[PDB]
Amino acid sequence: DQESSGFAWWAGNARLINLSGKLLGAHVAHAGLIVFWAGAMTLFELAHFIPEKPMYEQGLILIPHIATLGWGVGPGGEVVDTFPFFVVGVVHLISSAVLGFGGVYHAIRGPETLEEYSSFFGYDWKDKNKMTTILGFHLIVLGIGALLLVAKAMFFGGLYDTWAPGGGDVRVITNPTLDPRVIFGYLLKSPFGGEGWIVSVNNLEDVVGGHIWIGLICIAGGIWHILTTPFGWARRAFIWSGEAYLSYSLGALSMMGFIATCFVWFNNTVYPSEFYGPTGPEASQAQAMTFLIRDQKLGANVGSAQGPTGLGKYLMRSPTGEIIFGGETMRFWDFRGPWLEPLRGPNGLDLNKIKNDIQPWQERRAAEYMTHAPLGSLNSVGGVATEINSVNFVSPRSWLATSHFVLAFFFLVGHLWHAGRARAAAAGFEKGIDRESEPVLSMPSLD
Amino acid sequence: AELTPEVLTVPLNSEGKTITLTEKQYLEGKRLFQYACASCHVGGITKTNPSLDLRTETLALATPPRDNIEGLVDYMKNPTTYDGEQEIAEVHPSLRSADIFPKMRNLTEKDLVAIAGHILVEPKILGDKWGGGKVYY
Amino acid sequence: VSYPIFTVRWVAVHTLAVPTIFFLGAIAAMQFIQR
Amino acid sequence: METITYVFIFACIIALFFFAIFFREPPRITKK
Amino acid sequence: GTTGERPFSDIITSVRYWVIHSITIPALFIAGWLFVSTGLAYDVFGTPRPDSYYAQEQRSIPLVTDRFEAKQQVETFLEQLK
Amino acid sequence: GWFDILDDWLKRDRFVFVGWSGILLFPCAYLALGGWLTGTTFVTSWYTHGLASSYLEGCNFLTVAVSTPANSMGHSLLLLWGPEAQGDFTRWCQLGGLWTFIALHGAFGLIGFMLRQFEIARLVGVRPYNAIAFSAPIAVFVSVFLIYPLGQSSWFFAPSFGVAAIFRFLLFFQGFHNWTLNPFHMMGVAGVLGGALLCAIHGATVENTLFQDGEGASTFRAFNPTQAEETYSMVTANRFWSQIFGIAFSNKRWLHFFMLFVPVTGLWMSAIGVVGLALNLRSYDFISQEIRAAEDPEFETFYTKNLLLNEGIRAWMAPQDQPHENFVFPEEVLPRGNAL
Amino acid sequence: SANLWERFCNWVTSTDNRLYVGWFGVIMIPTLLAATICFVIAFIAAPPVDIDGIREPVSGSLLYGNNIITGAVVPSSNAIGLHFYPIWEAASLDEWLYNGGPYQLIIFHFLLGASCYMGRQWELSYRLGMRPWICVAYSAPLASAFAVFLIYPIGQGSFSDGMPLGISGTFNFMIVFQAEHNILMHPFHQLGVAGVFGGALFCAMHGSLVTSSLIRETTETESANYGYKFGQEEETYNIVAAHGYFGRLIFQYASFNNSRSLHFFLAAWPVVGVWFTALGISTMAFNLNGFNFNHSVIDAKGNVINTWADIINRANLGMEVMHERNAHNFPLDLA
Ligand code: CLA
Ligand code: CLA
Ligand code: CLA
Ligand code: CLA
Ligand code: CLA
Ligand code: CLA
Ligand SMILES: CC1=C(/C=C/C(C)=C/C=C/C(C)=C/C=C/C=C(C)/C=C/C=C(C)/C=C/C2=C(C)CCCC2(C)C)C(C)(C)CCC1
Ligand SMILES: CC1=C(/C=C/C(C)=C/C=C/C(C)=C/C=C/C=C(C)/C=C/C=C(C)/C=C/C2=C(C)CCCC2(C)C)C(C)(C)CCC1
Ligand code: OEX
Ligand SMILES: [Cl-]
Ligand SMILES: [Fe+2]
């Protein structure tokens, strides 16, 4: 049906732009691959998983995602029951066969086009009504999903809260922040140091609360798009074609990919240092803690200690006066963490709590995170580039952040590429300049 | 130039008596040393306290003496300060604190002896390297 | 056409192909050496 | 003296940029 | 666009080729394997075996210190069970 | 005459053109590549650098190398039958004889190859601007792998044939020569980086100013291999860059010569700089800067910072990088900042 | 007036302007002008900056003892880190110049404008009816500036660790980077030089091949360039004679005969290679560094047999041990 007289081999999937039937097969077969991975990988992670050993020291990126949702974990991130991990893995792996089935079917057996075999499912790219409708469908499906998290958190068990009063533990959230001023306030937050925008979320109340808003808003906009058409400006602004719509979604993923990179790298709450590694700042903070703890036990007065530059070996001031850790760690004075906060006062690190309220669990916590900073090599050798082979480790925060940046970037390129073609495809010169009517030759010389 | 049993002969106790490890024990210790020590004691140093290393000489001048199998093994159960005038099992991995340091839960007495032997065999092989830091890398 | 067998191209190709596999076989064996 | 020399050459390059762009030879088509 | 040589496509596709090369190609491989696995390679290039970098006690490097009597100096390095 | 019959045969249009040049090219070129691939897997650098350098020892594609001979050898040609190896092959290998083997052979291989360019061009009757261009890679190899160590104490300080073994050659030149601070080097990267720009920008310009000569989207098929009309709008390209950049080409013949000039000129400048590094006539310092820095302990530039990095590089590397010097640097003499 | 705003939009989008000020241009031109003016003034007359936040001002301006090669615009203080530091965030300009204020003002304006510059490289292509994707090629050098000026600081947690705006300042960025990340032993960087070497290589390849296969239309004592007129119909060089030569240099099938397949390769190779080198800096911005083969190959007893990788490590140590003298108080450099 489709061959060289449509596109080149290396552009094969573009022959399916106008084959709704087969183009559905791809998306369903593809969606199976995503479920397949999630499933098969979880079982792979579990098969190597060692209970009496930190997750970040085992190259886990899926089991800690499950742990966050309050599953198989307890006090301090202690792994209790590995069955929920096994379940999530196998259930997925199974559903992949179901999706894969339909995928294969729609692409090589089922109707090559849909418009005739079902006018409801068949579609037209330029059909602004069908597009906003199909969009409306997915806008609801995603909306319910956002509430699926709210349900698990408030009713079906809860989530892992590192900020837990008695120390990190699975907690049932029964007070989601619904105040719009607070919720939507995050979007109005700076993206720089201190004010951290979306990544600055530091409690599950907002997390659960925010998702309630998103869930409703999403379904609300889902119904809106079912029962409407693009306005006036909305039509005279965008380009309406199969490629154009792709491009719009490509840059969208790109943007979210960048946001995700910063989330796993900075955020402490929705990315627990107990399951993942300690965040970048957290580790540098811990070193300052550790040696402040040590030397003080040797009889040193940390409060008045003068470093080489005369700045304050252990403690110094931030640009706005707050008492913070010394050294290069002055850049991470914006770090907040369960282990460190009880030492913090109304003006920053309190010299009195530091002097005699240091708890043993904090000391070894500082030691732990210090010796597990997100530093490593491609061949997985933990430490600085000059370290010696021994400790095989690279923080999960490092793997996730780097991977998702490469993807995010390339998607921004994918964006530019497909958006540039769509504009040329629409206006109709994506295949070369008209030898006869060459536009440039009709414009006055600027010389 | 090989790992002879001549090299795998390390002091068992304070009273001069020695023990001879096997290539199986060495490898096992080396693996176990990576599992629960390397994190802070990579290459015989101490990241969270560079003042004290795993040099045989340093372990000898410890209190009690920790430059032998018995010494190190005791330490791995009930660790103390360099003068021994204070128990530090709360902020240091050990058997009596396996609830706090999960890595130490699996570890059995066989593992302890292997790890202890490794600490004594490495300086015999690496020399100054085992003790020092980046300088000897 | 009635193509020949042994040619200058044949020679060239073999000067690289023959040692290569011999090396590829050699290196493959090295993956099992230890201490 | 040195600072003056550095800025001068720099200022000369920027001046060149101007003339290069706005006072170039008009690129004439075909009949050139 | 063509010369005397027989089009690779035909040769790599001809059954005769594989009938030949199913023998020749693995032969070289096994040969190369034996070259290493029999320790011959070590002697052909004077490459030290894992137990032949130092003497048991010695921790010094056998650095050649003069050009003309190098060969003699090298042999002397092999003497000390290195 | 047998000569013209020999000529006839050589200059015959085959799959792989031989030619008179081939008599020099192919032997050397093959031995050069062969010598490397040989040493890469089998030969060691223990007796010469105290280093493992082969797969046989456990090195990987990155850490493998054919290391230079010992510093004892001097600038000796290290012939297999020379006073050093004395006909012995094994000894020859252990003395780093394969380095001078790869170098000298490869050198003539580069000679033959340019000769090939000259010879083939003549036959086809095309201009030899392909041979002129290839002069830049020659100069580099000559200046770096031959001229430079010829100015130093021995072949030992030449870049060893290998991936990692080249990285240290970089770091060395930084630490010891402050090579980045050399104007000739700056022109070098300016040519290569600028050349990699011309390559990029011109290709993209052409592919996106093309005429439509087909009805498919994959415009690759829609090209006429038999000249005729220009496949891309040179006139449109002109007006484009003239409005986004302010300046634009308008003469394909100049545009392409420029693509020849820039990268070839760059590599040549970088060659001259290396020729100066042979006599150690480097661009290490700025006298005006040092004088103030001495008198004034509060004067600090990014230049002063770098030199401190160099001192660190020299001190910590020299011992294991120059075994023949029997260096012994006590912990207390090693230059160090605070904490680290 | 047909409509003021309607006319305005027509002037902006107009393809009859000497320089195409586009819609992206409306953001580009002001941002770039702010960037360049502040830069020029800074590079010449700016006072020393406490880059490392350790009260140790580094002068990088001409008037303060620098020349072109040494001079630079010093990154903001490490005490500021990733905090936003505009002029209206300082008690005075004196304070602003001391804490490396100008640096942020430049890099932010630049990256913004340079992004719009890419956006404009599409717009003009659209207004002129030519294919886009030229901006896609410019995305590679742009993504490098982003990686070096924004991504690496974000990852490392401070703008003080971004590449300085100067010659010698750039060298410092590299040497230190190599120490902490061992960039030479990282694939993405290696792919980078591959594109860059290859680029210059191919740039010389194509350049030479074409100019050598030019059709004769010039005198013996007349510039061979005049044998071409701006706005020609037919080609000015024998692409079939070019392929004939290069096809014999190596071997026929390893030679291009399709000009479109040629220029695509000419564009693809460097762009893709630099894309990776840009991803390298962005990846090692989260401390996923190059291969660590330190003390890999060891002998039968356990002794460490050094490789070139080890020789590299020693050089790296020297850089590490010596960089930022008085900035460190603790053993591990984790920031
Ligand atoms: C949601 C994501 C998405 C989707 C649906 C599409 C869809 C499409 N793209 Mg595409 N694209 C995307 C993202 C996406 N793109 C991104 C992010 C980029 C930037 C890199 C591109 C860049 C791009 C180009 C440059 C082109 C397309 C084209 C196309 C169309 C034809 C498909 C094709 O050529 O397949 C063919 C698929 C292949 C040849 C496979 C390529 C294999 C990749 C390069 C290697 C991946 C590395 C892998 C991870 C390593 C594996 C290891 C290996 C040893 C196994 C099709 C409509 C083509 C077109 O016609 O334009 C409209 C076209 O020319 N795309
Ligand atoms: C996610 C990956 C993916 C998916 C889902 C598709 C999907 C599709 N491609 Mg495709 N493609 C891809 C990647 C992908 N492509 C890449 C990377 C390239 C570049 C190399 C191409 C190049 C390409 C070309 C050139 C063409 C397509 C075409 C098609 C469509 C028809 C397939 C066909 O001809 O069936 C033929 C099927 C077979 C020959 C048998 C294959 C065996 C099946 C499909 C796989 C079985 C899966 C699994 C093992 C079985 C599980 C069973 C279990 C559930 C019980 C289909 C929608 C064609 C098109 O446009 O449609 C008209 C077309 O001409 N593709
Ligand atoms: C993209 C998301 C992602 C992330 C963050 C991780 C993260 C991780 N994986 Mg993983 N994995 C993924 C996807 C991902 N994986 C997928 C899709 C698969 C299916 C093939 C796997 C299969 C897998 C296995 C089987 C294992 C892991 C393991 C691991 C862990 C160790 C990492 C390591 O050593 O890898 C290092 C990997 C590399 C250095 C390879 C880098 C390859 C790059 C991307 C190639 C880029 C070249 C480019 C595409 C060329 C194209 C250009 C061309 C077109 C011109 C780590 C937590 C291991 C583990 O858990 O043990 C603890 C393990 O055993 N993963
Ligand atoms: C993206 C998902 C998707 C979509 C849009 C379609 C669309 C279509 N499929 Mg189909 N299919 C899919 C996945 C999908 N399929 C999968 C995964 C499989 C493998 C099991 C199949 C197997 C399959 C077969 C075997 C056949 C089709 C056919 C068809 C067409 C006729 C409609 C039909 O059969 O529905 C009829 C069913 C309904 C209208 C109602 C189904 C509702 C189900 C039972 C519940 C789903 C629950 C869902 C997961 C949660 C949503 C609720 C949430 C909002 C709260 C239509 C174009 C037929 C065809 O080719 O005809 C042209 C056909 O014979 N499909
Ligand atoms: C991802 C889901 C999604 C998608 C793809 C769409 C898609 C669309 N919506 Mg929409 N919508 C959604 C969810 C979604 N909707 C939800 C959940 C709601 C409920 C709140 C709505 C409510 C809604 C209304 C009320 C309307 C649309 C309309 C439209 C159409 C025109 C959009 C447009 O021109 O915006 C272009 C946007 C602008 C020109 C404004 C730019 C300024 C932005 C907002 C700020 C800068 C963004 C910045 C970069 C991000 C930083 C974050 C910020 C918080 C700091 C388009 C088809 C319109 C339409 O045609 O009706 C059918 C319309 O009137 N939507
Ligand atoms: C034409 C191709 C060619 C060329 C130019 C070279 C060039 C070289 N090879 Mg060589 N080589 C080649 C092919 C070639 N090789 C081939 C095919 C092989 C594989 C067998 C080798 C294997 C090889 C090895 C194993 C070695 C070399 C080495 C060398 C270098 C030193 C050799 C020397 O002293 O030359 C001597 C020059 C001549 C003999 C030319 C003499 C020509 C005259 C006209 C003949 C006169 C003879 C007559 C009796 C004189 C009478 C005078 C009277 C007073 C006695 C030199 C760069 C050595 C090296 O690299 O050292 C580091 C080395 O060890 N080669
Ligand atoms: C279209 C197309 C395509 C694609 C395809 C696809 C994409 C497919 C998919 C597929 C799929 C997606 C599949 C899936 C499957 C799955 C399955 C089949 C599963 C199974 C499971 C199971 C069996 C389970 C069980 C278990 C458990 C539970 C545990 C233990 C073990 C086990 C595993 C056994 C291609 C490109 C090729 C080509 C072109 C066309
Ligand atoms: C020295 C000497 C000599 C010489 C020798 C010879 C000449 C040899 C040869 C040799 C050879 C000639 C070898 C070869 C080898 C090869 C190899 C070993 C290869 C490998 C490959 C690979 C491994 C691949 C890879 C890849 C790539 C690259 C790309 C991508 C993909 C892949 C992965 C496939 C003589 C005797 C004369 C004399 C004496 C001395
Ligand atoms: O800034 Mn430049 O140098 Ca990245 O690392 Mn940490 O902080 Mn500093 O120390 Mn090194
Ligand atoms: Cl520095
Ligand atoms: Fe061209």
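Residues numbered from 1 in each chain as written, not as in the entry; some residues may be left out. Chains lettered and ligands numbered in written order. Part of a larger assembly, values for the part shown. Heavy atoms only, no water. Residues with missing side-chain atoms left out of burial classes, pairs and counts.

- Going by the header, the method for this PDB entry is X-ray crystallography, and the resolution given is 5.20 Å.

What to know about the overall build of chain E
- A tally of helices and strands in chain E yields four helices and zero strands.
- Listing each helix as α and each strand as β along chain E from the N terminus yields α-α-α-α.
- For 82 residues, the compact-globule estimate of 2.2 N^0.38 gives 12 Å, and chain E exceeds it by more than 25% at 23 Å.
- Along the first, second and third principal axes, the C-alpha set of chain E runs to 60 × 30 × 20 Å.
- Split into buried and exposed, the 82 residues of chain E put 35% on the buried side.
- Here the analysis covers contacts within chain E between residues at least 6 apart in sequence; of these, 21% occur between residues at least 24 apart.
- With the model as given, the accessible surface of chain E reaches about 4900 Å², and the carbon-plus-sulfur share is 65%.
- The distance from the centre of the 7 positive side-chain charges to the centre of the 9 negative ones in chain E is 5 Å. (Helix = DSSP H or I, 4+ residues; strand = E, 2+ residues; numbered from the N terminus. Rg over C-alpha atoms; globule rule 2.2 N^0.38 Å. Buried < 20%, exposed > 50% of the residue type's maximum accessible area, 1.4 Å probe, protein only. Contact = heavy atoms within 4.5 Å. Areas by Shrake-Rupley, 256 points an atom, 1.4 Å probe, with all protein chains shown as cover. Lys, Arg positive; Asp, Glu negative; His and termini not counted. Charge placed at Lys NZ, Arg CZ, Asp CG, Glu CD.)

What about the site of ligand 9?
- In the vicinity of ligand 9, the contacting residues are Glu328(A), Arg331(A), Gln156(G), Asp161(G), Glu180(G), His323(G), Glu324(G), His328(G), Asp333(G) and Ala335(G).
- Residues lining ligand 9 come from chains A and G.
- Within the side chain of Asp333(G), one N or O atom sits 3.0 Å away from an oxygen atom of ligand 9.
- One of the backbone N or O atoms of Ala335(G) is found 3.0 Å from an oxygen atom in ligand 9.
- For the shell around ligand 9, a count of residues per class yields one nonpolar, three polar and six charged. (Near = heavy atom within 4 Å. Polar contact = N/O pair within 3.5 Å; in protein donor to acceptor, adjacent residues only side chain to side chain. Nonpolar A, V, L, I, M, F, W, Y, C, P; charged D, E, K, R; others polar.)

A look at the UniProt feature "transmembrane region" in chain G
- Here, the residues flagged by UniProt with the feature "transmembrane region" are residues 23–44, 102–123, 134–154, 183–208 and 264–286 of chain G.
- For residues 264–286 of chain G, the end-to-end C-alpha separation is 33 Å, with 87% helix and 0% strand making up the annotated structure. (UniProt positions renumbered as here; feature names shortened; annotations may be inferred.)

Comments concerning the nonpolar core
- Counting 71 residues, the largest nonpolar core has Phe42(F), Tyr148(F), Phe161(F) and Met319(G) as the members making the most contacts within it.
- For this core, the leading source of residues is helix α8 (residues 164–177) of chain F, giving eight residues.
- Apart from residues lying up to four places away in sequence, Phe161(F) is in contact with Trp36(F), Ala65(F), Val66(F), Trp99(F), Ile102(F), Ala103(F), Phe141(F) and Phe145(F).
- If you look at the next biggest cluster of nonpolar residues, it comprises 50 residues, including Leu111(G), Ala145(G), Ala147(G) and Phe149(G). (Core = buried A, V, L, I, M, F, W, Y, C linked by side-chain atoms within 4.5 Å.)

A word on the packing of aromatic side chains
- Across all of its chains, the model carries 93 aromatic pairs over all chains by this definition.
- On the basis of an interplanar angle of 20° and a centroid distance of 5.0 Å, the ring pair of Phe141(F) and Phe145(F) is categorised as stacked. Here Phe145(F) and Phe141(F) lie together in helix α7 (residues 135–151), a separation of four residues that amounts to about one turn. The pair formed by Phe141(F) and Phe145(F) is uniform in burial state, with each residue classed as buried.
- Summarising the aromatic geometry, the rings of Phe188(G) and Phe276(G) are spaced 5.2 Å apart at their centres and angled 50° between planes, so their arrangement reads as tilted. Separated by 88 residues along the polypeptide, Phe188(G) in helix α8 (residues 187–212) and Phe276(G) in helix α10 (residues 259–283) bring together distant segments of the chain.
- The exposure class of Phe276(G) is partly exposed, given its relative accessible area of 23%.
- Members of the aromatic cluster, joined through ring pairs, are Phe22(C), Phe23(C), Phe35(E), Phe45(E), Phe42(F), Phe89(F), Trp92(F) and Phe101(F). (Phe/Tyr/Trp six-rings, centres within 6.5 Å; stacked < 30°, edge-to-face > 60°.)

Re the site of ligand 1
Residues and elements named next belong to chain A.
- By nearness alone, 13 residues border ligand 1, and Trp 10, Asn 13, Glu 243, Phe 410 and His 418 come closest of all.
- Side-chain polar atom of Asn 13 to an oxygen atom of ligand 1: 3.1 Å apart, as the coordinates give it.
- Elements supplying a minimum of two residues to the shell around ligand 1: α8 (242–266) and α12 (396–427).
- Ranked by the residues each element gives to the shell around ligand 1, the list is headed by α12, at six residues.
- A per-class count over the shell around ligand 1 returns eight nonpolar, three polar and two charged.

Re the UniProt feature "binding site: heme" in chain E
- Per the UniProt record, "binding site: heme" is found at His21(E).
- Within the secondary structure layout, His21(E) lies in helix α2 (residues 15–37).

Let's talk about the pattern of salt bridges
- Tallied over the entire structure, the rule returns 39 salt bridges over all chains.
- The shortest N-O distance in the salt bridge between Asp161(G) and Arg331(A) comes to 2.9 Å. With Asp161(G) in the loop between α6 (139–156) and β2 (165–166) and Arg331(A) in the loop between β4 (323–325) and β5 (344–345), this residue pair bridges two chains. Take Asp161(G) and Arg331(A): they sit in the same class, and that class is buried. (Salt bridge = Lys/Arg side-chain N within 4 Å of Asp/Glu carboxyl O.)

Side note on the interface of chain F and chain G
- Residue-level contacts link 113 residues of chain F with 127 residues of chain G.
- Taking both partners together, chain F and chain G bury about 10700 Å²; carbon and sulfur atoms supply 66% of that area.
- For chain F, the biggest contributors to the area lost against chain G are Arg253(F), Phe302(F) and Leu340(F); these three give 9% of the whole.
- Inspection of the region where chain F meets chain G yields six salt bridges.
- Salt-bridge contacts for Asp16(G) lead to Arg239(F); the nearest nitrogen and oxygen are separated by 3.6 Å.
- Joining chain F to chain G, the criterion identifies 42 residue pairs in polar contact. (Buried area = accessible area lost by both parts, 1.4 Å probe.)

Re the interface of chain G and chain E
- The interface is formed by eight residues belonging to chain G together with seven residues belonging to chain E.
- Each partner contributes to the roughly 610 Å² buried at the junction of chain G and chain E, and carbon and sulfur atoms together form 52% of this total.
- Where chain G packs against chain E, one counts zero salt bridges.
- Applying the counting rule to chain G against chain E returns two residue pairs in polar contact.

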